[PDB]
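Working notes for the structure below.
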Amino acid sequence: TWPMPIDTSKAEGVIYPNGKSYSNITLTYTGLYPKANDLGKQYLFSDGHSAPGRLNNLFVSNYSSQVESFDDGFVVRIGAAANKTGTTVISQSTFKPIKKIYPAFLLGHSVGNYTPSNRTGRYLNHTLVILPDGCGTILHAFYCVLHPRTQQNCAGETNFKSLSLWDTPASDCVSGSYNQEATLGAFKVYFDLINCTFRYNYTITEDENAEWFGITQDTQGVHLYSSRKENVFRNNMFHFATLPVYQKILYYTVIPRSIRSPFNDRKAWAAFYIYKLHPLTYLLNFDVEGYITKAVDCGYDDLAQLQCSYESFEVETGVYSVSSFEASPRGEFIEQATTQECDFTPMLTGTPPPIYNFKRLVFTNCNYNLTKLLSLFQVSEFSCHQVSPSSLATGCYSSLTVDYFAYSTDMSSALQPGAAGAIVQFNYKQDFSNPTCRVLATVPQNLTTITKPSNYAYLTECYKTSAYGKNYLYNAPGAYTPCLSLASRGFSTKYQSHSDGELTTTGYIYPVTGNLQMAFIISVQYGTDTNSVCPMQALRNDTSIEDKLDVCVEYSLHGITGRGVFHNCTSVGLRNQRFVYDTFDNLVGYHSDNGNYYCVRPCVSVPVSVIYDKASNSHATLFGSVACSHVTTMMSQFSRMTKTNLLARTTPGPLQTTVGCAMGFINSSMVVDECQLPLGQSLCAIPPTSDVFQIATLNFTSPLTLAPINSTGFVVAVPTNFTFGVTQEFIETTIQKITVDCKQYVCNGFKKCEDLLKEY
Amino acid sequence: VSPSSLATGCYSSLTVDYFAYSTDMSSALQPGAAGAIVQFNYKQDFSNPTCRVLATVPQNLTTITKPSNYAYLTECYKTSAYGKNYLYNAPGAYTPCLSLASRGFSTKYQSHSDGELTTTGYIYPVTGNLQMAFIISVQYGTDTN
Amino acid sequence: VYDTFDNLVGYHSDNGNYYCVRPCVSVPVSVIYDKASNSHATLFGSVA
Amino acid sequence: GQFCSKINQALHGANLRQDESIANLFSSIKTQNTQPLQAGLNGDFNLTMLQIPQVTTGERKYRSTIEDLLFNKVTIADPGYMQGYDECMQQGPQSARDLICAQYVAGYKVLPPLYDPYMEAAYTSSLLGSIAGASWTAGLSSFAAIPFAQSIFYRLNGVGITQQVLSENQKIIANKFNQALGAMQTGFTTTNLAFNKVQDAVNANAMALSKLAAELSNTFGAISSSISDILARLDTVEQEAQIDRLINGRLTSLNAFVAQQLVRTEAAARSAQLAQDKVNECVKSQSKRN
Amino acid sequence: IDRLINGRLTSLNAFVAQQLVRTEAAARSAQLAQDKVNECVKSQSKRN
Ligand SMILES: *[C@@H]1O[C@H](CO)[C@@H](O[C@@H]2O[C@H](CO)[C@@H](O[C@@H]3O[C@H](CO)[C@@H](O)[C@H](O)[C@H]3NC(C)=O)[C@H](O)[C@H]2NC(C)=O)[C@H](O)[C@H]1NC(C)=O
Ligand SMILES: *[C@@H]1O[C@H](CO)[C@@H](O[C@@H]2O[C@H](CO)[C@@H](O)[C@H](O)[C@H]2NC(C)=O)[C@H](O)[C@H]1NC(C)=O
Ligand SMILES: *[C@@H]1O[C@H](CO)[C@@H](O[C@@H]2O[C@H](CO)[C@@H](O)[C@H](O)[C@H]2NC(C)=O)[C@H](O)[C@H]1NC(C)=O
Ligand SMILES: *[C@@H]1O[C@H](CO)[C@@H](O[C@@H]2O[C@H](CO)[C@@H](O)[C@H](O)[C@H]2NC(C)=O)[C@H](O)[C@H]1NC(C)=O
Ligand SMILES: *[C@@H]1O[C@H](CO)[C@@H](O[C@@H]2O[C@H](CO)[C@@H](O)[C@H](O)[C@H]2NC(C)=O)[C@H](O)[C@H]1NC(C)=O
Ligand SMILES: *[C@@H]1O[C@H](CO)[C@@H](O[C@@H]2O[C@H](CO)[C@@H](O)[C@H](O)[C@H]2NC(C)=O)[C@H](O)[C@H]1NC(C)=O
Ligand SMILES: *[C@@H]1O[C@H](CO)[C@@H](O[C@@H]2O[C@H](CO)[C@@H](O)[C@H](O)[C@H]2NC(C)=O)[C@H](O)[C@H]1NC(C)=O
Ligand SMILES: CCCCCCCCCCCCCCCC(=O)O
Ligand SMILES: CCCCCCCCCCCCCCCC(=O)O
Ligand SMILES: *[C@@H]1O[C@H](CO)[C@@H](O)[C@H](O)[C@H]1NC(C)=O
Ligand SMILES: *[C@@H]1O[C@H](CO)[C@@H](O)[C@H](O)[C@H]1NC(C)=O
Ligand SMILES: *[C@@H]1O[C@H](CO)[C@@H](O)[C@H](O)[C@H]1NC(C)=O
Ligand SMILES: *[C@@H]1O[C@H](CO)[C@@H](O)[C@H](O)[C@H]1NC(C)=O
Ligand SMILES: *[C@@H]1O[C@H](CO)[C@@H](O)[C@H](O)[C@H]1NC(C)=O
Ligand SMILES: *[C@@H]1O[C@H](CO)[C@@H](O)[C@H](O)[C@H]1NC(C)=O
Ligand SMILES: *[C@@H]1O[C@H](CO)[C@@H](O)[C@H](O)[C@H]1NC(C)=O
Ligand SMILES: *[C@@H]1O[C@H](CO)[C@@H](O)[C@H](O)[C@H]1NC(C)=O
Ligand SMILES: *[C@@H]1O[C@H](CO)[C@@H](O)[C@H](O)[C@H]1NC(C)=O
Ligand SMILES: *[C@@H]1O[C@H](CO)[C@@H](O)[C@H](O)[C@H]1NC(C)=O
Ligand SMILES: *[C@@H]1O[C@H](CO)[C@@H](O)[C@H](O)[C@H]1NC(C)=O
């Protein structure tokens with residue numbers, strides 16, 4: 001055992017960002033990075049059993065039955081103990097110079113059992129295999145189906161133990177005559193390679209210093225990264241290969257090796273280390289040559305939060321207020337009310353009405369299933385406004401309105417916003433003040449409850465007679481036409497007018513050929529105070545608040561959504577009960593279904609300051625305005641190191657000062673005059689040389705009081721000695737004068753930009 | 001990006017997804033659409049510049065054979081203690097019920113199950129010429145596109 | 001070759017040569033103007 | 001850009017030069033020679049309005065009689081420096097301490113001052129009994145401990161009242177001085193225009209904080225003022241156009257807040273330099289300028 | 001292009017609005033350097 005944690009001050013395990021190279025900067029990045037001071041997992045290989053004149057069975061570990069999960073990618077540290085002395089692990093009493101050994105991987109999407117060995121670790125479909133070969137000079141990557149053979153212990157067996165590879169370097173690694181298919185041959189003895197889709201090779205140079213190797217996956221395939229790329233002497237990993245594997249890799253497996261060296265030439269091989277990648281924020285510093293020199297994991301402790309919150313590595317002793325960069329995975333708090341189903345039955349039975357006499361349904365206080373409705377039609381258009389069609393079937397509203405009528409979808413351009421003809425003028429004008437959607441559907445023939453009419457019909461005119469011609473009466477948004485009572489007499493032919501004296505209307509009919517087509521206009525309304533039209537749900541216990549109290553949850557309470565922290569309070573009465581708001585409309589409180597009241601806070605609420613001293617490079621933490629009993633309950637907003645020190649309860653503990661709770665501090669009884677790290681309220685921080693910070697007090701002295709004597713004269717203090725003192729002072733008299741070329745600054749000499757700038 | 005600039009630019013990578021698809025169901029591939037195409041079959045990824053072409057294969061082009069039935073999945077879930085637990089697609093990713101779907105669907109609403117997962121297919125015959133869908137995605141970078 | 005503000009400040013050509021890249025309007029120009037005689041002259045600042 | 005790193009650095013540097021201005025004004029305590037006064041009547045001059053009332057039990061008052069009368073005429077919200085996070089949970093939304101409890105829902109913090117009220121009660125007690133050596137001498141290097149009653153009569157002799165008038169009218173001058181300190185505590189009203197500037201600074205401090213919390217309930221033309229509702233109703237290409245409205249509306253409020261804090265910090269730094277000139281000339285000496 | 005224009009008109013306004021503040025503050029402070037020369041350097045001060 002030999003712990004090798006991740007050191008971010010050397011930028012260990014950091015993959016260089018794609019694109020160009022930087023120099024002389026420090027910037028923040030979100031990506032796949034290892035944790036700070038993460039130990040990883042150590043994998044140790046060795047040499048197999050050997051005799052004078054004989055090569056015996058292999059010596060391996062239980063590595064070919066371990067199935068780890070891939071989940072983001074990983075990085076591997078290879079050869080950190082080259083040129084040193086160490087044990088030849090098969091015989092720990094033998095000391096030899098340690099060598100470098102590359103790992104071999106098996107990565108796949110499905111796993112099973114090796115029958116009839118009935119052990120575990122069998123990949124059964126197309127599987128990605130990564131093999132080093134040629135005494136560490138070549139790298140094969142291929143993607144095949146592995147069929148276990150039928151020989152003595154060749155993996156289709158009742159006597160197969162574990163997959164294990166080997167080399168005979170007295171034959172294979174003869175200088176100049178490296179067999180670059182040896183390990184591939186030993187692999188082919190175990191398996192048959194069926195239906196290989198690709199096979200790639202990469203050439204390495206045999207040298208033993210130290211290197212890194214990484215592998216990730218996204219929608220462009222599987223990416224391989226190496227530290228040997230573009231300079232072997234650094235820690236940065238650069239991209240060198242993309243493999244066309246587009247299905248999601250779930251599992252991987254390290255293949256155990258055992259080098260069959262001769263017994264006289266037993267070597268030592270350096271263990272390698274695997275570290276998992278996480279979606280983290282990092283601070284990266286690029287040197288003059290372009291290489292990342294140091295990094296900061298911005299969620300590890302509070303000095304790292306300071307460095308990433310002010311975006312610099314040198315921080316200039318002080319007391320700073322910082323931001324939060326921790327992940328803190330959330331839960332769920334869903335709570336809606338139970339009601340009846342909304343009835344869409346007067347939409348699926350009967351004859352759909354004409355456009356000027358459309359039908360309207362308004363639903364409140366019910367459960368809807370929009371999937372059941374839309375499954376009966378053939379949609380050819382779904383156009384929405386301030387909502388999406390996918391979110392329409394999942395939201396909770398205060399009301400839900402459906403207008404519907406019969407309409408032929410070859411006239412689909414007449415229902416568009418701001419359209420030209422007589423559909424928007426005399427029949428139907430859509431209202432765009434709410435979120436809304438417009439569906440155009442065809443009624444298929446199996447749906448037999450919807451009868452069809454004989455003629456599509458629409459109005460072409462609606463006017464009053466005037467002293468000069470006609471006075472047209474246009475539709476309002478969402479309203480019926482004023483000529484509706486005049487239109488109920490029916491139109492038997494095209495351009496058949498009707499008149500009540502004051503008004504006149506004209507209709508146009510044309511026959512229905514084919515299936516019937518219909519139009520639906522849906523409009524919803526989001527409100528506060530208990531949106532009651534909610535979708536149908538299956539029931540689940542786990543979405544409650546009784547368990548997950550002081551953690552950040554994602555809630556959905558009677559139509560109100562958000563993220564936050566819920567705390568046990570004892571409070572508000574009056575009968576708006578469910579949601580209590582602030583004067584700036586923040587959800588400050590909630591009346592739960594059982595009987596309880598809860599205070600709602602945002603997911604990052606507690607203020608945090610860090611006291612930093614550069615000369616000793618020390619730091620401590622202050623939670624301002626918080627009592628020290630709430631800090632140990634809400635220990636999930638904070639950084640990764642603050643959580644463990646809170647949870648351990650083993651340090652100089654949390655301390656209650658007059659400005660909040662303090663971590664890393666100690667009560668003192670000393671009194672200072674000047675202060676470099678002031679906390680507020682005449683408190684000063686004393687940095688350690690002691691081993692922790694101390695808290696002192698600011699008391700100014702006063703020169704001793706000269707008291708009047710009782711006599712005729714008075715006392716006067718007159719000098720008997722002196723010096724000359726020099727006071728320095730800077731007075732600024734000027735600034736740097738700057739003129740800006742405004743045209744070249746804004747538009748860079750482009751004529752298309754310069755014509756858009758005239759509008760300002 | 002525009003369709004005209006797509007044939008003149010220099011990129012660092014170029015990805016084409018393609019499949020057979022009838023263009024009377026063209027409103028189901030739209031952004032934020034409602035049904036089972038974006039939920040269980042294909043969800044387009046809008047983090048890169050991208051284009052969506054819907055085309056018909058003419059009859060003179062004879063190297064493209066046609067299938068017998070258009071097909072799509074309508075369900076992919078795990079059994080739970082209360083009903084079903086639906087498994088929705090990620091943008092740009094395959095469905096998790098892909099190994100279960102390789103057995104083929106001979107009729108409409110024919111389910112398959114591996115115990116843990118369950119899937120359902122819908123087929124309908126190809127009448128006329130074959131129609132296809134292409135999703136093209138490009139990536140502009142610095143350092144030598 | 002880029003700047004610290006991501007400007008293309010330089011380029012390594014295909015033949016063998018290095019080139020400095022400047023924007024299309026780069027040299028500063030000032031004009032000295034005298035109204036009583038209606039005369040003017042030019043100064044290209046910081047340029048040899 | 002790197003927007004939030006530059007907002008953090010501007011406000012950190014503004015709060016740093018706020019501490020170097022208070023510490024300069026208070027650094028005259030360590031160099032000032034002082035004489036002890038009597039509790040209540042120094043000669044015939046009643047100074048009880050300006051002195052801290054002494055006590056038997058160890059409560060140790062930090063406020064004089066006229067200062068306790070001025071502080072109970074101003075309405076300041078108590079900021080809760082010690083455990084103000086939990087006091088906002090025991091009470092509900094009382095809308096008079098609402099921009100004090102909005103620190104934990106909007107995302108700002110009110111920092112405690114550099115000195116407690118016991119330090120600034122030591123600054124004005126050293127201003128009352130300063131020695132300030134005799135007023136016929138040149139230099140600032142001798143300290144003559146003459147009593148308070150005798151050094152007032154040397155300030156009346158310096159403006160042109162002879163010693164034969166000052167000796168015949170001691171009691172009348174002392175009475176007229178005493179009934180001018182008894183009239184200071186009837187001038188804390190809204191007609192007094194010098195007292196209305198004490199409240200207009202309290203109001204200016206609070207108006208800045210309410211223009212921060214009120215810009216989080218604006219929608220700026222988006223569908224909602226909440227990001228978790230934009231992410232639940234729209235799709236990925238329409239979310240980015242609506243979140244970019246909230247971002248643009250909230251970057252403007254932070255720029256307008258940070259640009260006003262620097263203006264008020266420079267104006268308060270120039271005005272604490274005027275308070276040093278007014279102490280060294282009016283309080284510790286006698287002015288010859290009208 | 002109307003986004004780049006709006007983003008670059010804001011930076012120029014914020015630059016020009018800060019230059020006038022610093023110019024007035026440096027003009028008031030060069031008037032203080034005349035009072036400090038005429039009193040401390042060329043004479044002797046009677047004020048503390
Ligand atoms: C040196 O300076 C110190 C700070 O200026 C002085 O210490 C202060 O003494 C006060 C009382 O004398 C304390 O007031 C107490 O504050 C708490 C706050 O939580 C109240 O509950 C108490 O009621 C209140 N005490 C009384 C009697 O009302 C201050 O807290 C305390 N300051 C600190 C930082 O502890 C020293 O007195 C001073 N010493 C000398 C010799 O000058
Ligand atoms: C992955 O390999 C498995 C073998 O375990 C294949 O599963 C077979 O699928 C066919 C088709 O339904 C079944 O008839 C067989 O019974 C399955 N095998 C076993 C052992 O049960 C599977 O087809 C492969 N994946 C793909 C995509 O083809
Ligand atoms: C590694 O793969 C490469 C490419 O797939 C192989 O290179 C080619 O191999 C074929 C097959 O013998 C030859 O006909 C070509 O001439 C090779 N290309 C070149 C440029 O030489 C390579 O042989 C493979 N190496 C190993 C050890 O398998
Ligand atoms: C919404 O309605 C659909 C009907 O279109 C429901 O789906 C049915 O559910 C039952 C109960 O499990 C099944 O037996 C049917 O086979 C389903 N029908 C189809 C066509 O799949 C669905 O359950 C409803 N949604 C909710 C949340 O209740
Ligand atoms: C001038 O008088 C003061 C008295 O007010 C002296 O201060 C005293 O000094 C002695 C010796 O250092 C101490 O023991 C006393 O406690 C001091 N008393 C006070 C009230 O401070 C001062 O030292 C005298 N000056 C000289 C030069 O002797
Ligand atoms: C005034 O003070 C200074 C410094 O405290 C005295 O100078 C010291 O004089 C002695 C004897 O001449 C030397 O041994 C020291 O080295 C001197 N110190 C320094 C810093 O120069 C001076 O003597 C004092 N004057 C009086 C009259 O007491
Ligand atoms: C000196 O002034 C103080 C305050 O102005 C006087 O104290 C007040 O005296 C009156 C009348 O005796 C009482 O009613 C008040 O309660 C006192 N107030 C306080 C705060 O003490 C004091 O009497 C004056 N001294 C003399 C000698 O007149
Ligand atoms: C039982 C009530 C039936 C009422 C009468 C039903 C007649 C409906 C037919 C008219 C359809 C309107 C067509 C809109 C114009 C269009 O074609 O674009
Ligand atoms: C040689 C490989 C052939 C693989 C099988 C080909 C079958 C393709 C037919 C399915 C088309 C999918 C249709 C999508 C649904 C649509 O109609 O909208
Ligand atoms: C060795 O591997 C087996 C199979 O995975 C596992 O059960 C066992 O725990 C491993 N040994 C140790 C010490 O973990
Ligand atoms: C495991 O495999 C063996 C064959 O080696 C077989 O006899 C046994 O039945 C298997 N176990 C089960 C539970 O089927
Ligand atoms: C290999 O490919 C052939 C097609 O040529 C296919 O029939 C066979 O099933 C594949 N092998 C396996 C194990 O799937
Ligand atoms: C091992 O030795 C070689 C050459 O002697 C050197 O280049 C390499 O850095 C060394 N590795 C270590 C880990 O010291
Ligand atoms: C309508 O129902 C009948 C029932 O026998 C069926 O044969 C027919 O295919 C159905 N129509 C369509 C378009 O599916
Ligand atoms: C969930 O609730 C049901 C209803 O009471 C109960 O039968 C079941 O045991 C619960 N399950 C869990 C995990 O709490
Ligand atoms: C109130 O919340 C606390 C957590 O701080 C919890 O321990 C307690 O059980 C809760 N009380 C009730 C009545 O739910
Ligand atoms: C605070 O200081 C006092 C005296 O120095 C000490 O008695 C007390 O234990 C300290 N408090 C804590 C929590 O250590
Ligand atoms: C002078 O003052 C002292 C101060 O303690 C006092 O004790 C003494 O009695 C006074 N003497 C006279 C004569 O006033
Ligand atoms: C397909 O090719 C044949 C070749 O003879 C031609 O006659 C026919 O017109 C072509 N089809 C079309 C649609 O052009
Ligand atoms: C604000 O509400 C509080 C109680 O919540 C009440 O006491 C106060 O009078 C209200 N403010 C005004 C100006 O009335």
Side-chain angles (χ1 to χ4, degrees), chain A residues 108-110 112 122-127 142-149 156 191-198 247 378-380 627-629 631 649 651-658 660-671 683 686 690 692-697, chain B residues 17-30 33-44 52-57 63-74 89 94-95 98-99 101-110 120-135:
Chain A
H109 329 96
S110 291
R122 181 196 174 198
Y123 290 86
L124 29 114
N125 273 164
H126 268 81
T127 307
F142 51 93
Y143 192 45
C144 314
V145 180
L146 306 176
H147 196 211
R149 290 180 74 177
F191 294 105
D192 296 332
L193 308 185
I194 298 177
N195 287 331
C196 300
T197 68
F198 56 87
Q247 249 164 79
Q378 269 172 341
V379 183
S380 45
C628 288
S629 309
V631 187
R649 309 164 307 199
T651 19
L655 180 78
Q656 183 71 42
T657 72
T658 65
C661 203
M663 282 194 54
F665 282 95
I666 262 300
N667 267 6
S668 74
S669 307
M670 64 176 69
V671 166
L683 293 172
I686 308 301
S690 188
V692 291
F693 281 76
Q694 302 175 63
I695 290 177
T697 331
Chain B
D17 300 336
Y18 68 100
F19 47 94
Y21 190 84
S22 78
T23 88
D24 73 313
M25 302 185 46
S26 162
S27 66
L29 275 182
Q30 300 238 2
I37 295 294
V38 289
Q39 287 179 345
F40 308 114
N41 301 272
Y42 188 78
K43 195 183 183 184
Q44 199 185 351
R52 180 168 75 252
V53 196
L54 256 57
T56 309
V57 182
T63 24
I64 298 184
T65 64
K66 81 166 64 177
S68 53
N69 294 311
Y70 293 122
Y72 62 93
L73 295 183
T74 61
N89 256 43
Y94 290 87
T95 171
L98 188 56
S99 297
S102 302
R103 353 240 254 206
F105 304 105
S106 307
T107 46
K108 306 170 180 291
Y109 306 97
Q110 173 175 346
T120 312
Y122 180 81
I123 66 177
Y124 61 101
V126 177
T127 10
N129 292 334
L130 186 65
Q131 336 205 288
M132 289 186 61
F134 311 93
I135 320 291

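These numbers come from the heavy atoms of this one structure, side chains and all, not from hydrogens, waters or symmetry mates. Throughout, a chain's letter reflects where its sequence line sits, starting with A, and its residues are numbered from 1. Atoms within a ligand are numbered from 1 in the order they appear, just like the ligands themselves.
Ring pair A:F693/A:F665 is tilted by interplanar angle, where 30° to 60° counts as tilted. Taking the six-membered ring for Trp and thresholds of 30 and 60 degrees, B:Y72 and B:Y124 have ring planes more than 60 degrees apart, a perpendicular arrangement.
Between B:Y109 and B:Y122, the distance from one ring center to the other falls under 6.0 angstrom.
Distance alone, capped at 3.5 Å, is enough to place a donor-acceptor pair between the A:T127 side chain and the A:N125 backbone. Without hydrogens or angle criteria, B:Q131 side chain to B:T23 main chain gives a donor-acceptor distance under 3.5 Å.
Counting heavy atoms closer than 4.0 Å to ligand 9, residue B:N41 contributes nothing at all. Counting heavy atoms closer than 4.0 Å to ligand 17, residue A:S669 contributes side-chain atoms (C-beta onward) but none from N, CA, C or O. Contacts of A:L655 with ligand 17, taken as heavy-atom pairs under 4.0 Å, involve the side chain alone.
In this structure, B:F19 has no heavy atom closer than 4.0 Å to ligand 9. Distances shorter than 4.0 angstrom do not occur between any heavy atom of B:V126 and any atom of ligand 9.
For atom 3 (C) of ligand 9, the nearest protein heavy atom is 4.0 Å or more away. At a distance under 4.0 Å, a protein heavy atom can be found next to atom 15 (C) of ligand 9.
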(request) Would you sort out whether B:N41 and B:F19 count as a side-chain contact (heavy atoms from CB on, under 4.5 Å), showing the intermediate values? (result) CA-CA 11 Å; B:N41 301 272; B:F19 47 94; over 6 Å; no

(message) Walk me through whether A:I695 and A:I686 qualify under side-chain contact (heavy atoms from CB on, under 4.5 Å).
(response) CA-CA 6 Å; A:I695 290 177; A:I686 308 301; over 6 Å; no

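With contacts defined as side-chain heavy-atom distances shorter than 4.5 Å, the pair B:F105/B:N69 does not qualify. At a threshold of 4.5 Å between non-hydrogen side-chain atoms, the residues B:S99 and A:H109 do not count as touching. You'll find the side chain of B:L29 reaches within 4.5 Å of the side chain of B:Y21, heavy atoms only. In this structure, the side chains of B:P67 and B:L130 come closer than 4.5 Å at one or more pairs of heavy atoms. Within the 4.5 Å cutoff, side-chain heavy atoms of B:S26 are placed close to those of B:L54.
Atoms of ligand 9 lying under 4.0 Å from any heavy atom of B:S22, numbered from 1 in the order shown and given with element: 16 (C), 17 (O), 18 (O). Numbered from 1 in the order shown, with element, the atoms of ligand 9 that lie under 4.0 Å from a heavy atom of B:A71 read 10 (C), 11 (C), 12 (C), 13 (C), 14 (C), 15 (C). Near A:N667, meaning under 4.0 Å from any of its heavy atoms, are these atoms of ligand 17: 1 (C), 2 (O), 3 (C), 8 (C), 10 (C), 11 (N), 12 (C).
In this structure, atom 9 (C) of ligand 9 lies nearest to the protein heavy atom B:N69 O, 3.2 Å.
The closest heavy-atom contact to atom 8 (C) of ligand 9, among the options B:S68, B:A133, B:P67, B:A28, comes from B:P67.
Annotation: ligand 12 has protein neighbours A:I194, A:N195, each with a heavy atom less than 4.0 angstrom from the ligand.
At least one N or O atom of B:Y124 sits closer than 3.5 Å to an N or O atom of ligand 9. For ligand 17, none of its N or O atoms has an N or O atom of A:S668 under 3.5 Å away.
No option in B:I37, B:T95, B:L98, B:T120 other than B:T95 meets the side chain to side chain contact (heavy atoms under 4.5 Å, CB included) test with B:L73.
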